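Let's start with one chain on its own, the form deposited in one PDB entry, as structure tokens.
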């Protein structure tokens, strides 16, 4: 019994370790989000099929590695979905022939937030999966440890909703002026969703964000956002009503706002974060 990956990394007879690099395409669902599907990534075969049958299980101790080390979910294994991390062994899978066969494993994540996410840098570990192989021939009992690494930079949602772009860049026209922001949110089922803004306000009224230009900063003007033509203060919650699978626009627009005093010429830039909550 030996295994190998799609890119050729192999583990010989007796066990060992390997690295699996996969492209992540997470998708949010009603009950639990998807992290990675590991079908067609890992292939295992049996060397003496005519007399030995190998029994393969997902051994206890499998869990999420890397930044995801604190999240729990379920795992699809050979017909059902068991709690993850695995505190107990899973049922058997029989490997029967020399021709390589997949080791289909899929990992899901139980939502814990409203619209949260975690940023996965490329080449970063996500999960560790221990494969245990015994047989019906002798005392062989071996461990194959697979380290799953993200081949690309993605954001894994930790909530029930999702957003169109995790980083949105918009450019203002020259002062005075405004421009809409293309940001939309959706959820897997009808949820009473709302959001609020967080940033370094520069006014007593808490409606103007500080200009943090790195080079040649203009003075006397910040950034102010309007929802449907109305000024939104920073930490005042904004209600969106029921949101379903159809994408619902936030309707945000950025404007120029004077912080008082004379206004000079230069660059303007502000950083604004949007946080969603249940209502």
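For the two forms, the rigid core is made up of the largest set of C-alpha atoms that agree within 1.5 Å on superposition. Numbering follows the first chain given and starts at 1.
Omitted from view is the form deposited in another entry, to which the following refers.
With the core fitted between the shown form and the other one, just one of 41, 33, 211, 224 shows a Cα displacement of at least 2 Å, namely 41. In the core-superposed comparison between the shown form and the other one, residue 249 has its Cα shifted by less than 2 Å. Once you line up the core between the shown form and the other one, the Cα of residue 100 ends up 2 Å or more from where it was. In this overlay on the rigid core, residue 9 has a C-alpha that sits 2 Å or more away from its partner position between the shown form and the other one. The Cα-Cα distance between residue 142 and residue 10 is lengthened by 3 Å or more in the other form relative to the form shown here. Annotation: residue 142/residue 7 CA-CA distance longer in the other form than in the displayed model, change of at least 3 Å.
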